[PDB]
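Trainee: Below: one structure in structure tokens.
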Amino acid sequence: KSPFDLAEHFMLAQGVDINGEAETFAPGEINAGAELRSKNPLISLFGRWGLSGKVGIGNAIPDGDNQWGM
Amino acid sequence: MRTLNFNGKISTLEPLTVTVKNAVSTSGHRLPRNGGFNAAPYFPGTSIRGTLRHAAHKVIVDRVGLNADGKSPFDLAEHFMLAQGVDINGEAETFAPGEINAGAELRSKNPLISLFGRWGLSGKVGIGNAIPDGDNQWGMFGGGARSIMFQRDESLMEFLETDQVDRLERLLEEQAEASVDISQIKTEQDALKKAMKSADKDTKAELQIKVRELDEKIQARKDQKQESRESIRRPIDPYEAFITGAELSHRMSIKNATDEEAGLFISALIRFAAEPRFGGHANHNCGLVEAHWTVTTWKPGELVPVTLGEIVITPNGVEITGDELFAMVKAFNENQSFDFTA
Amino acid sequence: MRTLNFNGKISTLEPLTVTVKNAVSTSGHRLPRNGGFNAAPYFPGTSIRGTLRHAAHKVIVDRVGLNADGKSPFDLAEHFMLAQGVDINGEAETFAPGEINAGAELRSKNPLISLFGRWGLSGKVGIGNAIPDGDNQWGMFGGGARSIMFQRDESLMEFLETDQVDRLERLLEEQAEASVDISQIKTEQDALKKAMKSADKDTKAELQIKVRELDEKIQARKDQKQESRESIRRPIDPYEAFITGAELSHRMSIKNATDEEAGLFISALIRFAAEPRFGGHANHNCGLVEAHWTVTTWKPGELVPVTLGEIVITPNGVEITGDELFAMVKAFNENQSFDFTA
DNA sequence: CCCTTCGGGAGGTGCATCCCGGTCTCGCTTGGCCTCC
DNA sequence: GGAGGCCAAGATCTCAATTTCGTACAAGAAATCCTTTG
């Protein structure tokens, strides 16, 4: 088993805080983003509700034509 | 003082989106539609202006130089004034109406404020809306659905203790029953919102009160949830965004642009090219753009303008043509008579 | 003398907006509609008239040039006479009230005061409104929201010192409390306004001396904010503009004008093409227009329009077509005996 | 210079978010006070 | 010492809340059709 709580699993992989507290404009969280990102590289990379995600994955678009079908 | 008109096109690398409070409504997320609901969406000039202003602010911060511990000499008020034109101190020197050469000194010593303006000081830089080219260059991007990680991959369950498995069971049961109740009350709310259209507006007020209390009851029901306040599994509402490869004609102007201010603007474009992002949903890499602009000056009294050069921003680099743009950039970089303090 | 009617269309290059006090209300910024909300807006001819008058005054300034000291020969009195026709020094030729063709000497000596009038001298240029040629050609442009720079880009915090970081946090806390106070005060104001539509004279007087005191309470609470008087995270209200590429029918004219006055008008239009901006919100590059004006005249005696030429302002240049337009332009360039100093 | 088949059958369900935060102005005249000539 | 400029102060009060174009058409000829067929 993993040490992480289930809420931590959800935070890391889906960015849902089931515990039920993640604000966005928390004034005290203005600078906690930096330390949170440093100590939580995954959450920094893939953001969460209230914290921007450093990683942005674009769409995959086919180069040529007729590259899709049923 | 030359009037530099940047005329060009913003090609889209990844879908371009923006959530404007005016355009978006409860019907969904819509791009700003130019005239009407059925009109062509446009990327606001406001978003482009803010992006370029923050890029220029970073340019000025780097030029002035961070202190040893990566901290710019500027205080908070200077940052806010430079990047949003908002003064938090209130000490920003308001130019009383009727002052001749109002802020000419501030313009000379603060090229950034001269370009992007302030409250009471006209901003030389006008960043226009990027209108699309062609009939269809937008669509409902994003979308999809948040899914329970453990119900998609069973391999993730070996990382959970028995107590956490029981917690997951509670979470899913709570989500299911709370969703049933929320869907029932939302069905009643939808019935009431369909009855909304009755001509009896005096009763529309009471129906609106009924909707408000129904939403309050929805909020209370969601608050009565120990495990998850919000439904974990839920479809993500798509956002309207310009398609990849969408060509958007774009126009900017700098009226009476001194070589210093013009050079600062070109440096702002250069720095923006590092992160050429315009708008939101950056989680899906939205905003990436490759833009090419032709700079044309127009001596007043002359029938035709003359093209100084071209600025092309691509993932492979920034190409600046014409000796004039290089001269302006060099003039801005060499001039040491700027004081962005106050 | 000739009457030159400039009948044409203004294609909007970037959204065209104007702020008019009557049109603007608390509900929002609306263009002058000449009726209810469900009506067709028109760009005022006053705004275009003032813009073209400013263009003509700049043309006159350039033609006159600067003194040996590098200062404009015009003083405040002459400058205001040429700009807005207000005789500040009380020294002006008080033409007879009933004699229509008065000031021929002044008209010949000052072609600008001839084209556009001064106070007491009828102007020769009639600048009509820009009327849209469609039923959906206007929209709520601009808008957006001012976002706190450090709440969007976390990297910008790496430049702030810890004292300034605490200042930012104090600013955000003050903004939050001011919002949660002003919103409640405005809710009380809204309840009082709701009670304003069922009141009698006595209670009306009692409950409107209360609304203004609630407004004073709002102002006092905003003043209590130590770090920022106004909330920075502000949602910008949109402004009503004409859509990009709006074909607005524009009707201009010059009445019984000498070739030199018409030449000054054409030169003013050419100079205006350097910065073809109408209206405000120049921060979003609003006002950029390209216009084609068929210049017609009236046949001697016959009520038939002859086409003397065309005036096509576009970002690529000004196209003057028609020999007589060139004749007027050169005639204005000639006749150096103009006297703008008296 | 033939002669082109039958029809089987057509989903079940999930779940649809939270929150900010809505500005200054000024459309007049006069005197007191400040420095300028 | 007078004569320009910049600022503050002066009475209480005016009413009004907005919602998305048009639908389907096709005649007598140099043509290239042509080139046949072979």
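Each chain in the structure tokens gets a letter, A, B and so on, in the order shown; residues start at 1 in every chain, and ligands are counted from 1 in the order they appear.
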With a distance cut-off of 6 Å and only C-alpha atoms (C1' of nucleotides), select the neighbouring residues of segment 239-253 of chain B, excluding the residue or stretch itself and same-chain residues fewer than 5 positions from it, and output the selection as a CSV table (one decimal) with N, CA and C atoms, in the first residue's frame.
Mentor:
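Heads up, here's the output in out_1.csv:
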```csv
chain,number,residue,atom,x,y,z
B,4,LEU,N,3.6,54.0,-35.2
B,4,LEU,CA,3.9,52.7,-35.7
B,4,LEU,C,2.7,51.8,-35.7
B,5,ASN,N,2.2,51.3,-36.8
B,5,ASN,CA,1.1,50.5,-36.9
B,5,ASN,C,1.6,49.1,-37.2
B,6,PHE,N,1.3,48.2,-36.3
B,6,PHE,CA,1.6,46.7,-36.4
B,6,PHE,C,0.4,46.1,-37.0
B,7,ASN,N,0.5,45.7,-38.3
B,7,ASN,CA,-0.6,44.9,-39.0
B,7,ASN,C,-0.1,43.5,-39.3
B,8,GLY,N,-0.8,42.5,-38.8
B,8,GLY,CA,-0.4,41.2,-39.1
B,8,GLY,C,-1.4,40.1,-38.8
B,9,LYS,N,-0.9,38.9,-38.6
B,9,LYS,CA,-1.8,37.8,-38.4
B,9,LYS,C,-1.2,36.9,-37.2
B,10,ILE,N,-2.1,36.4,-36.4
B,10,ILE,CA,-1.8,35.5,-35.3
B,10,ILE,C,-2.3,34.1,-35.8
B,11,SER,N,-1.4,33.3,-36.2
B,11,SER,CA,-1.7,31.9,-36.4
B,11,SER,C,-1.7,31.2,-35.1
B,12,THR,N,-2.6,30.2,-35.0
B,12,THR,CA,-2.9,29.5,-33.8
B,12,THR,C,-2.1,28.1,-33.8
B,13,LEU,N,-1.3,27.9,-32.8
B,13,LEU,CA,-0.5,26.7,-32.7
B,13,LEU,C,-1.3,25.7,-31.8
B,14,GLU,N,-1.9,26.1,-30.7
B,14,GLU,CA,-2.8,25.3,-29.9
B,14,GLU,C,-4.0,26.2,-29.7
B,15,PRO,N,-5.2,25.6,-29.4
B,15,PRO,CA,-6.5,26.4,-29.4
B,15,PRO,C,-6.4,27.6,-28.6
B,16,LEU,N,-6.9,28.7,-29.1
B,16,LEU,CA,-6.9,30.0,-28.4
B,16,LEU,C,-8.3,30.2,-27.8
B,17,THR,N,-8.3,30.5,-26.5
B,17,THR,CA,-9.5,30.6,-25.7
B,17,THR,C,-9.4,31.8,-24.8
B,29,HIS,N,-20.0,28.2,-22.0
B,29,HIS,CA,-18.8,29.1,-22.2
B,29,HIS,C,-18.8,29.4,-23.7
B,30,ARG,N,-18.8,30.7,-24.0
B,30,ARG,CA,-18.7,31.2,-25.4
B,30,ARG,C,-17.6,32.2,-25.5
B,31,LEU,N,-16.9,32.2,-26.7
B,31,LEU,CA,-16.0,33.2,-26.9
B,31,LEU,C,-16.7,34.5,-27.1
B,125,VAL,N,0.1,52.8,-26.7
B,125,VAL,CA,-0.2,51.5,-27.3
B,125,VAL,C,-1.6,51.2,-27.3
B,126,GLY,N,-2.2,50.9,-28.5
B,126,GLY,CA,-3.5,50.4,-28.6
B,126,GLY,C,-3.4,49.0,-29.2
B,127,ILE,N,-3.9,48.0,-28.5
B,127,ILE,CA,-3.8,46.6,-28.9
B,127,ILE,C,-5.2,46.2,-29.3
B,128,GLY,N,-5.4,45.9,-30.6
B,128,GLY,CA,-6.7,45.6,-31.1
B,128,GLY,C,-7.1,44.2,-30.9
B,130,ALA,N,-8.2,40.5,-32.1
B,130,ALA,CA,-7.8,39.6,-33.2
B,130,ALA,C,-9.0,38.9,-33.8
B,131,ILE,N,-9.4,39.3,-34.9
B,131,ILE,CA,-10.6,38.8,-35.6
B,131,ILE,C,-10.2,37.6,-36.4
B,132,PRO,N,-11.0,36.5,-36.5
B,132,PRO,CA,-10.6,35.3,-37.3
B,132,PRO,C,-10.8,35.6,-38.8
B,133,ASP,N,-10.2,34.7,-39.5
B,133,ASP,CA,-10.3,34.7,-41.0
B,133,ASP,C,-11.0,33.4,-41.4
B,137,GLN,N,-13.5,28.9,-37.7
B,137,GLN,CA,-12.2,28.8,-37.1
B,137,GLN,C,-12.3,28.7,-35.6
B,138,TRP,N,-13.4,28.2,-35.1
B,138,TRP,CA,-13.6,28.1,-33.7
B,138,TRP,C,-14.5,26.9,-33.4
B,139,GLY,N,-14.5,26.4,-32.2
B,139,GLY,CA,-15.2,25.2,-31.8
B,139,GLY,C,-15.2,25.0,-30.3
B,140,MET,N,-16.0,24.0,-29.9
B,140,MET,CA,-16.0,23.7,-28.4
B,140,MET,C,-14.9,22.8,-28.1
B,141,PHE,N,-13.8,23.3,-27.7
B,141,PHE,CA,-12.6,22.5,-27.3
B,141,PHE,C,-12.8,22.2,-25.8
B,142,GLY,N,-11.8,21.5,-25.3
B,142,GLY,CA,-11.9,21.1,-23.9
B,142,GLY,C,-12.9,19.9,-23.8
```
Trainee: Would you give me, as a PDB file with N, CA, C and O atoms, in the first residue's frame, the residues in segment 190-291 of chain C that DSSP reads as helix (DSSP H, G or I)?
Mentor:
```pdb
ATOM      1  N   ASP C 190     -29.957  47.990  -2.318  1.00  0.00           N
ATOM      2  CA  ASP C 190     -30.882  47.360  -3.251  1.00  0.00           C
ATOM      3  C   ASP C 190     -32.231  47.105  -2.595  1.00  0.00           C
ATOM      4  O   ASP C 190     -33.277  47.282  -3.224  1.00  0.00           O
ATOM      5  N   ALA C 191     -32.226  46.664  -1.336  1.00  0.00           N
ATOM      6  CA  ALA C 191     -33.486  46.476  -0.624  1.00  0.00           C
ATOM      7  C   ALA C 191     -34.222  47.801  -0.468  1.00  0.00           C
ATOM      8  O   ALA C 191     -35.448  47.870  -0.637  1.00  0.00           O
ATOM      9  N   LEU C 192     -33.486  48.871  -0.164  1.00  0.00           N
ATOM     10  CA  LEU C 192     -34.114  50.182  -0.037  1.00  0.00           C
ATOM     11  C   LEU C 192     -34.688  50.640  -1.374  1.00  0.00           C
ATOM     12  O   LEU C 192     -35.774  51.228  -1.425  1.00  0.00           O
ATOM     13  N   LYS C 193     -33.976  50.369  -2.468  1.00  0.00           N
ATOM     14  CA  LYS C 193     -34.488  50.725  -3.788  1.00  0.00           C
ATOM     15  C   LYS C 193     -35.722  49.900  -4.133  1.00  0.00           C
ATOM     16  O   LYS C 193     -36.663  50.407  -4.755  1.00  0.00           O
ATOM     17  N   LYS C 194     -35.735  48.627  -3.734  1.00  0.00           N
ATOM     18  CA  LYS C 194     -36.920  47.796  -3.914  1.00  0.00           C
ATOM     19  C   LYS C 194     -38.101  48.375  -3.152  1.00  0.00           C
ATOM     20  O   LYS C 194     -39.244  48.323  -3.622  1.00  0.00           O
ATOM     21  N   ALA C 195     -37.843  48.935  -1.972  1.00  0.00           N
ATOM     22  CA  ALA C 195     -38.892  49.595  -1.207  1.00  0.00           C
ATOM     23  C   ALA C 195     -39.201  50.991  -1.732  1.00  0.00           C
ATOM     24  O   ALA C 195     -40.180  51.602  -1.289  1.00  0.00           O
ATOM     25  N   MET C 196     -38.392  51.503  -2.662  1.00  0.00           N
ATOM     26  CA  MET C 196     -38.651  52.800  -3.277  1.00  0.00           C
ATOM     27  C   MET C 196     -39.818  52.763  -4.254  1.00  0.00           C
ATOM     28  O   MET C 196     -40.397  53.817  -4.538  1.00  0.00           O
ATOM     29  N   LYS C 197     -40.188  51.588  -4.763  1.00  0.00           N
ATOM     30  CA  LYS C 197     -41.229  51.472  -5.775  1.00  0.00           C
ATOM     31  C   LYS C 197     -42.580  51.086  -5.184  1.00  0.00           C
ATOM     32  O   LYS C 197     -43.509  50.771  -5.935  1.00  0.00           O
ATOM     33  N   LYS C 201     -44.819  59.697  -0.679  1.00  0.00           N
ATOM     34  CA  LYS C 201     -43.913  60.844  -0.663  1.00  0.00           C
ATOM     35  C   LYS C 201     -43.111  60.912   0.633  1.00  0.00           C
ATOM     36  O   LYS C 201     -41.889  61.112   0.613  1.00  0.00           O
ATOM     37  N   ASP C 202     -43.777  60.720   1.772  1.00  0.00           N
ATOM     38  CA  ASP C 202     -43.106  60.854   3.062  1.00  0.00           C
ATOM     39  C   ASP C 202     -42.033  59.787   3.236  1.00  0.00           C
ATOM     40  O   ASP C 202     -40.858  60.096   3.476  1.00  0.00           O
ATOM     41  N   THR C 203     -42.420  58.516   3.129  1.00  0.00           N
ATOM     42  CA  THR C 203     -41.435  57.454   3.288  1.00  0.00           C
ATOM     43  C   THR C 203     -40.416  57.460   2.154  1.00  0.00           C
ATOM     44  O   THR C 203     -39.282  57.027   2.355  1.00  0.00           O
ATOM     45  N   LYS C 204     -40.797  57.917   0.957  1.00  0.00           N
ATOM     46  CA  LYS C 204     -39.812  58.112  -0.107  1.00  0.00           C
ATOM     47  C   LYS C 204     -38.710  59.067   0.344  1.00  0.00           C
ATOM     48  O   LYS C 204     -37.511  58.781   0.196  1.00  0.00           O
ATOM     49  N   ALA C 205     -39.106  60.231   0.867  1.00  0.00           N
ATOM     50  CA  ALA C 205     -38.131  61.187   1.377  1.00  0.00           C
ATOM     51  C   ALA C 205     -37.322  60.595   2.521  1.00  0.00           C
ATOM     52  O   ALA C 205     -36.151  60.939   2.700  1.00  0.00           O
ATOM     53  N   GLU C 206     -37.945  59.757   3.346  1.00  0.00           N
ATOM     54  CA  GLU C 206     -37.196  59.132   4.431  1.00  0.00           C
ATOM     55  C   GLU C 206     -36.184  58.114   3.905  1.00  0.00           C
ATOM     56  O   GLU C 206     -35.077  58.001   4.446  1.00  0.00           O
ATOM     57  N   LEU C 207     -36.539  57.363   2.861  1.00  0.00           N
ATOM     58  CA  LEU C 207     -35.725  56.252   2.387  1.00  0.00           C
ATOM     59  C   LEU C 207     -34.863  56.591   1.178  1.00  0.00           C
ATOM     60  O   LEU C 207     -34.296  55.674   0.573  1.00  0.00           O
ATOM     61  N   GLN C 208     -34.729  57.872   0.821  1.00  0.00           N
ATOM     62  CA  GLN C 208     -33.728  58.255  -0.171  1.00  0.00           C
ATOM     63  C   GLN C 208     -32.641  59.135   0.425  1.00  0.00           C
ATOM     64  O   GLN C 208     -31.537  59.183  -0.127  1.00  0.00           O
ATOM     65  N   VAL C 211     -30.294  56.237   1.262  1.00  0.00           N
ATOM     66  CA  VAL C 211     -29.486  55.626   0.211  1.00  0.00           C
ATOM     67  C   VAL C 211     -28.171  56.378   0.063  1.00  0.00           C
ATOM     68  O   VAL C 211     -27.093  55.775  -0.023  1.00  0.00           O
ATOM     69  N   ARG C 212     -28.237  57.709   0.027  1.00  0.00           N
ATOM     70  CA  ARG C 212     -27.018  58.491  -0.126  1.00  0.00           C
ATOM     71  C   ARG C 212     -26.115  58.347   1.092  1.00  0.00           C
ATOM     72  O   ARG C 212     -24.887  58.378   0.959  1.00  0.00           O
ATOM     73  N   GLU C 213     -26.694  58.145   2.276  1.00  0.00           N
ATOM     74  CA  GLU C 213     -25.861  57.897   3.447  1.00  0.00           C
ATOM     75  C   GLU C 213     -25.210  56.522   3.379  1.00  0.00           C
ATOM     76  O   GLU C 213     -24.074  56.352   3.833  1.00  0.00           O
ATOM     77  N   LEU C 214     -25.892  55.536   2.791  1.00  0.00           N
ATOM     78  CA  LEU C 214     -25.244  54.251   2.554  1.00  0.00           C
ATOM     79  C   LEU C 214     -24.103  54.400   1.557  1.00  0.00           C
ATOM     80  O   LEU C 214     -23.060  53.747   1.689  1.00  0.00           O
ATOM     81  N   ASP C 215     -24.282  55.255   0.549  1.00  0.00           N
ATOM     82  CA  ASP C 215     -23.197  55.529  -0.386  1.00  0.00           C
ATOM     83  C   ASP C 215     -22.016  56.179   0.324  1.00  0.00           C
ATOM     84  O   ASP C 215     -20.855  55.854   0.045  1.00  0.00           O
ATOM     85  N   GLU C 216     -22.291  57.110   1.239  1.00  0.00           N
ATOM     86  CA  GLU C 216     -21.206  57.722   1.999  1.00  0.00           C
ATOM     87  C   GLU C 216     -20.519  56.691   2.883  1.00  0.00           C
ATOM     88  O   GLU C 216     -19.302  56.750   3.086  1.00  0.00           O
ATOM     89  N   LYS C 217     -21.283  55.739   3.420  1.00  0.00           N
ATOM     90  CA  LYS C 217     -20.676  54.653   4.181  1.00  0.00           C
ATOM     91  C   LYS C 217     -19.762  53.815   3.299  1.00  0.00           C
ATOM     92  O   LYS C 217     -18.674  53.408   3.722  1.00  0.00           O
ATOM     93  N   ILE C 218     -20.195  53.541   2.066  1.00  0.00           N
ATOM     94  CA  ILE C 218     -19.354  52.817   1.115  1.00  0.00           C
ATOM     95  C   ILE C 218     -18.058  53.578   0.879  1.00  0.00           C
ATOM     96  O   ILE C 218     -16.964  53.001   0.876  1.00  0.00           O
ATOM     97  N   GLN C 219     -18.170  54.887   0.648  1.00  0.00           N
ATOM     98  CA  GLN C 219     -16.985  55.696   0.389  1.00  0.00           C
ATOM     99  C   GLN C 219     -16.050  55.703   1.591  1.00  0.00           C
ATOM    100  O   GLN C 219     -14.828  55.613   1.438  1.00  0.00           O
ATOM    101  N   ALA C 220     -16.609  55.801   2.798  1.00  0.00           N
ATOM    102  CA  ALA C 220     -15.779  55.790   3.998  1.00  0.00           C
ATOM    103  C   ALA C 220     -15.076  54.450   4.166  1.00  0.00           C
ATOM    104  O   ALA C 220     -13.898  54.401   4.533  1.00  0.00           O
ATOM    105  N   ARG C 221     -15.784  53.350   3.898  1.00  0.00           N
ATOM    106  CA  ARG C 221     -15.161  52.037   4.010  1.00  0.00           C
ATOM    107  C   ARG C 221     -14.048  51.875   2.985  1.00  0.00           C
ATOM    108  O   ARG C 221     -12.989  51.316   3.290  1.00  0.00           O
ATOM    109  N   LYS C 222     -14.273  52.351   1.759  1.00  0.00           N
ATOM    110  CA  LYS C 222     -13.222  52.296   0.750  1.00  0.00           C
ATOM    111  C   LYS C 222     -12.025  53.138   1.168  1.00  0.00           C
ATOM    112  O   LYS C 222     -10.873  52.744   0.955  1.00  0.00           O
ATOM    113  N   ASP C 223     -12.279  54.301   1.768  1.00  0.00           N
ATOM    114  CA  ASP C 223     -11.190  55.133   2.264  1.00  0.00           C
ATOM    115  C   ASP C 223     -10.439  54.449   3.397  1.00  0.00           C
ATOM    116  O   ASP C 223      -9.232  54.666   3.558  1.00  0.00           O
ATOM    117  N   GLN C 224     -11.128  53.626   4.189  1.00  0.00           N
ATOM    118  CA  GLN C 224     -10.478  52.943   5.300  1.00  0.00           C
ATOM    119  C   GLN C 224      -9.418  51.956   4.834  1.00  0.00           C
ATOM    120  O   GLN C 224      -8.520  51.623   5.613  1.00  0.00           O
ATOM    121  N   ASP C 259     -11.716  76.751 -53.249  1.00  0.00           N
ATOM    122  CA  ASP C 259     -10.839  75.607 -53.470  1.00  0.00           C
ATOM    123  C   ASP C 259      -9.802  75.469 -52.363  1.00  0.00           C
ATOM    124  O   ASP C 259      -9.367  74.354 -52.059  1.00  0.00           O
ATOM    125  N   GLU C 260      -9.406  76.579 -51.737  1.00  0.00           N
ATOM    126  CA  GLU C 260      -8.397  76.507 -50.686  1.00  0.00           C
ATOM    127  C   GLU C 260      -8.962  75.890 -49.414  1.00  0.00           C
ATOM    128  O   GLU C 260      -8.286  75.096 -48.751  1.00  0.00           O
ATOM    129  N   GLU C 261     -10.193  76.248 -49.045  1.00  0.00           N
ATOM    130  CA  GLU C 261     -10.801  75.630 -47.872  1.00  0.00           C
ATOM    131  C   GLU C 261     -10.985  74.134 -48.083  1.00  0.00           C
ATOM    132  O   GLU C 261     -10.702  73.328 -47.187  1.00  0.00           O
ATOM    133  N   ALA C 262     -11.453  73.743 -49.267  1.00  0.00           N
ATOM    134  CA  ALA C 262     -11.586  72.322 -49.559  1.00  0.00           C
ATOM    135  C   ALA C 262     -10.229  71.638 -49.551  1.00  0.00           C
ATOM    136  O   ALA C 262     -10.110  70.482 -49.132  1.00  0.00           O
ATOM    137  N   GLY C 263      -9.190  72.334 -50.010  1.00  0.00           N
ATOM    138  CA  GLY C 263      -7.856  71.768 -49.943  1.00  0.00           C
ATOM    139  C   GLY C 263      -7.409  71.534 -48.515  1.00  0.00           C
ATOM    140  O   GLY C 263      -6.797  70.510 -48.205  1.00  0.00           O
ATOM    141  N   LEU C 264      -7.704  72.485 -47.628  1.00  0.00           N
ATOM    142  CA  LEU C 264      -7.400  72.283 -46.217  1.00  0.00           C
ATOM    143  C   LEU C 264      -8.158  71.083 -45.671  1.00  0.00           C
ATOM    144  O   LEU C 264      -7.612  70.304 -44.887  1.00  0.00           O
ATOM    145  N   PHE C 265      -9.424  70.928 -46.058  1.00  0.00           N
ATOM    146  CA  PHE C 265     -10.187  69.777 -45.580  1.00  0.00           C
ATOM    147  C   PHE C 265      -9.580  68.467 -46.065  1.00  0.00           C
ATOM    148  O   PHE C 265      -9.475  67.501 -45.301  1.00  0.00           O
ATOM    149  N   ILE C 266      -9.180  68.411 -47.334  1.00  0.00           N
ATOM    150  CA  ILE C 266      -8.572  67.192 -47.859  1.00  0.00           C
ATOM    151  C   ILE C 266      -7.246  66.921 -47.162  1.00  0.00           C
ATOM    152  O   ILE C 266      -6.905  65.769 -46.876  1.00  0.00           O
ATOM    153  N   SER C 267      -6.471  67.972 -46.890  1.00  0.00           N
ATOM    154  CA  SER C 267      -5.213  67.790 -46.175  1.00  0.00           C
ATOM    155  C   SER C 267      -5.466  67.289 -44.762  1.00  0.00           C
ATOM    156  O   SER C 267      -4.719  66.450 -44.247  1.00  0.00           O
ATOM    157  N   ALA C 268      -6.515  67.799 -44.117  1.00  0.00           N
ATOM    158  CA  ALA C 268      -6.881  67.322 -42.791  1.00  0.00           C
ATOM    159  C   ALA C 268      -7.263  65.853 -42.838  1.00  0.00           C
ATOM    160  O   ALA C 268      -6.912  65.083 -41.940  1.00  0.00           O
ATOM    161  N   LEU C 269      -7.997  65.450 -43.874  1.00  0.00           N
ATOM    162  CA  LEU C 269      -8.352  64.042 -44.013  1.00  0.00           C
ATOM    163  C   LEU C 269      -7.111  63.187 -44.235  1.00  0.00           C
ATOM    164  O   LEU C 269      -6.989  62.095 -43.669  1.00  0.00           O
ATOM    165  N   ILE C 270      -6.177  63.672 -45.054  1.00  0.00           N
ATOM    166  CA  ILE C 270      -4.952  62.922 -45.318  1.00  0.00           C
ATOM    167  C   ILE C 270      -4.150  62.757 -44.036  1.00  0.00           C
ATOM    168  O   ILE C 270      -3.625  61.675 -43.749  1.00  0.00           O
ATOM    169  N   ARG C 271      -4.045  63.823 -43.245  1.00  0.00           N
ATOM    170  CA  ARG C 271      -3.345  63.725 -41.970  1.00  0.00           C
ATOM    171  C   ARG C 271      -4.077  62.781 -41.028  1.00  0.00           C
ATOM    172  O   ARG C 271      -3.449  62.016 -40.288  1.00  0.00           O
ATOM    173  N   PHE C 272      -5.408  62.828 -41.041  1.00  0.00           N
ATOM    174  CA  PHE C 272      -6.198  61.924 -40.220  1.00  0.00           C
ATOM    175  C   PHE C 272      -5.929  60.475 -40.594  1.00  0.00           C
ATOM    176  O   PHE C 272      -6.003  59.589 -39.737  1.00  0.00           O
ATOM    177  N   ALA C 282      -8.868  53.839 -26.930  1.00  0.00           N
ATOM    178  CA  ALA C 282      -7.702  53.625 -27.776  1.00  0.00           C
ATOM    179  C   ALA C 282      -6.759  52.577 -27.205  1.00  0.00           C
ATOM    180  O   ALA C 282      -5.907  52.068 -27.939  1.00  0.00           O
ATOM    181  N   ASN C 283      -6.888  52.248 -25.917  1.00  0.00           N
ATOM    182  CA  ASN C 283      -6.064  51.194 -25.337  1.00  0.00           C
ATOM    183  C   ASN C 283      -6.278  49.878 -26.069  1.00  0.00           C
ATOM    184  O   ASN C 283      -5.338  49.097 -26.248  1.00  0.00           O
ATOM    185  N   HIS C 284      -7.513  49.612 -26.492  1.00  0.00           N
ATOM    186  CA  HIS C 284      -7.840  48.427 -27.272  1.00  0.00           C
ATOM    187  C   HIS C 284      -7.827  48.704 -28.767  1.00  0.00           C
ATOM    188  O   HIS C 284      -8.540  48.037 -29.528  1.00  0.00           O
TER     189      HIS C 284
END
```
Trainee: Would you give me, as number ranges by chain, the residues of chain D that come within 12 Å of chain B, using only C-alpha atoms (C1' of nucleotides)?
Mentor: D: 13-18, 20-27
Trainee: Cα-based RMSD, chain C fitted onto chain B, all atoms paired in sequence order: value?
Mentor: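 My reading of the C-alpha RMSD is 1.3 Å.
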Trainee: Report as an mmCIF file with C-alpha atoms, in the first residue's frame the set of chain A residues whose atoms approach chain D to within 10 Å, with distances computed over only C-alpha atoms (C1' of nucleotides).
Mentor:
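The result, written out as part05.cif:
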```cif
data_model
loop_
_atom_site.group_PDB
_atom_site.id
_atom_site.type_symbol
_atom_site.label_atom_id
_atom_site.label_comp_id
_atom_site.auth_asym_id
_atom_site.auth_seq_id
_atom_site.Cartn_x
_atom_site.Cartn_y
_atom_site.Cartn_z
ATOM 1 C CA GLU A 21 -10.875 22.926 1.416
ATOM 2 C CA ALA A 22 -8.986 24.514 -1.456
ATOM 3 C CA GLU A 23 -9.709 28.186 -2.052
ATOM 4 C CA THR A 24 -8.196 30.239 -4.902
ATOM 5 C CA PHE A 25 -7.743 33.836 -3.692
ATOM 6 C CA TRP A 49 -8.225 24.066 -8.180
ATOM 7 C CA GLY A 50 -6.764 27.442 -7.218
#
```
Trainee: With only C-alpha atoms considered, list every residue of chain C at most 7 Å from chain A, as a list in words.
Mentor: residues 151, 169, 172 and 173 of chain C
Trainee: Taking only C-alpha atoms into account and nothing else, which residues of chain B lie no more than 7 Å away from chain C? Please answer as JSON, numbers by chain.
Mentor: {"B": [20, 21, 22, 34, 35, 36, 44, 45, 46, 70, 71, 72, 75, 76, 88, 89, 123, 125, 126, 127, 128, 129, 252, 253, 298, 299, 300, 301, 303, 304, 305]}
Trainee: List every residue of chain C that has an atom at most 8 Å from any atom of chain E, giving for each one its closest atom pair and the distance in Å to one decimal, counting only C-alpha atoms (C1' of nucleotides), sorted by chain and then by ascending residue number, as a Markdown table.
Mentor:
```
| residue | atom | partner | partner_atom | distance |
| --- | --- | --- | --- | --- |
| C:27 | CA | E:17 | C1' | 6.3 |
| C:36 | CA | E:18 | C1' | 7.8 |
| C:37 | CA | E:18 | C1' | 5.2 |
| C:38 | CA | E:18 | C1' | 7.0 |
```
Trainee: Do a neighbour search on residue 29 of chain D at 12 Å with only C-alpha atoms (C1' of nucleotides), toss out local chain neighbours closer than 2 positions, and write the hits as a list in words.
Mentor: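 Surrounding residues, per the criterion: residues 31 of chain D; 9 and 10 of chain E.
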Trainee: Interatomic distance between atom CA of residue 309 of chain C and atom CA of residue 51 of chain C?
Mentor: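 Between these atoms lies a distance of 22.9 Å.
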